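Asks: Okay, here's the structure, questions in a sec.
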Amino acid sequence: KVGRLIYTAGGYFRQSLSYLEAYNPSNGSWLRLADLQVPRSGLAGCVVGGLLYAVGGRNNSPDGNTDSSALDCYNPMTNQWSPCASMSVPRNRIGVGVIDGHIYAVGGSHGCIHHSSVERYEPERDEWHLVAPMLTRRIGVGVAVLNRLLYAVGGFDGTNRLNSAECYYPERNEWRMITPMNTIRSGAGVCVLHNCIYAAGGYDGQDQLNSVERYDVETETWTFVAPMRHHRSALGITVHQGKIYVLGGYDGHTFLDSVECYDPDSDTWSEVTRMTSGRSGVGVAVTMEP
Ligand SMILES: COc1cccc(S(=O)(=O)N(CC(=O)O)c2cccc(-n3ncc(C(=O)O)c3[C@H]3C[C@@H]3c3ccccc3)c2)c1
């Protein structure tokens, strides 16, 4: 369990970014690691087998906006990125989750197209295949996995921001609606802690949010917990040693460098570190130090 870092990849400030940086909660240090081969914002990060994956996004640059179908793999042992097989379609503002060593890519946008499609990556075979699509088109969708079920939360369907959510049951290759959130959220951070799916922040169509609510998969209720100190949309999120960490985002005025940490035992947030520069739309995941 020792030696794990919080990795943040890509993001946005003025343009899409190629940064890969890793925070050590044990000593407060940040490390700058190998840049992404292509700058990307609106991507998602995940880890399988100790390897860090960067999935989808968009390269917003002065000379273009290119939505990404890319899957790239970072090995901390080598400090090198390697391309993997690309997805069927570009997916900006994507959500991803891992079930039993397989990466699920959910939703996202391609130009004005809002995807309901979903595809699954097999790392050993380096292949993507489409699975059943969601019941709703969703970009800026939050995704997390609990008890080998995959949850897609909120987002934007092309017309409305959403409080709805749904769950994918792999053995039936089927999606079902779950209880909707209390709050409309696009671009929230979604993660799993204990027996709940948490949705932190986002944009409700009017303001960036500091509220946080959690879905109890047993009781099927959404309950608010303590709000974050900072309102933020397009934040990064992960869980580490029983606590939630939120990284960066946009508060309506500033691209935040703030990293906050939620303690579920006390139901409190605290500010634990700052990123090296403010940014939004990062991918985040946890694995061993390089
Ligand atoms: C002012 O500049 C910025 C401020 C913050 C972030 C960024 S971003 O570069 O990181 N980026 C932006 C990109 O992909 O082009 C991005 C990435 C992931 C999630 C979201 N996100 N969060 C809420 C909503 C919403 O409006 O419902 C959306 C975004 C998708 C939805 C949207 C966009 C346009 C019109 C309607 C709806 C955005 C830029």
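Asks: Would you compute, for the Cα atoms of the chain, the largest minus smallest coordinate along each principal axis and list the three values in descending order, in whole Å?
Replies: Sorted from largest, the Cα extents of the chain read 43, 42, 40 Å.
Asks: Using modelled backbone amide H atoms (1.01 Å from N, in-plane), which distant-in-sequence or interchain residues come within less than 5 Å of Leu146's amide H?
Replies: Residues meeting the amide H criterion: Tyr151.
Asks: Evaluate 2.2 N^0.38 Å with N set to the residue count of the range 152-258, then give the Cα radius of gyration divided by it.
Replies: Details: Rg = 13.7 Å, N = 107, 2.2 N^0.38 = 13.0 Å.
Computed over Cα atoms of the range 152-258, the ratio equals 1.06.
Asks: Let me ask you something else. Compute the distance from the alpha-carbon center of the range 89-143 to that of the range 249-290, in whole Å.
Replies: That distance is 24 Å.
Asks: Show me, for the range 124-132, the HN-Hα J-couplings you get by feeding each phi into the Karplus relation (A = 6.51, B = -1.76, C = 1.60, θ = phi - 60°), rounded to Hz, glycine and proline as x.
Replies: Per-residue couplings from phi come out as 4, 9, 6, 9, 9, 9, 6, 10, 4 Hz.
Asks: Using every Cα-Cα pair within the range 1-84, state what percent have a distance larger than 23 Å.
Replies: On the way: 725 of 3486 pairs.
Tail fraction, whole percent: 21.
Asks: Averaging sequence separations of C-alpha pairs under 8 Å and six or more residues apart, then dividing by the length of the chain, give the relative contact order as a whole percent.
Replies: Relative contact order for the chain comes out at 15 percent.
Laboratory data are not the source of any read-out in this text; all were calculated from the coordinates shown.
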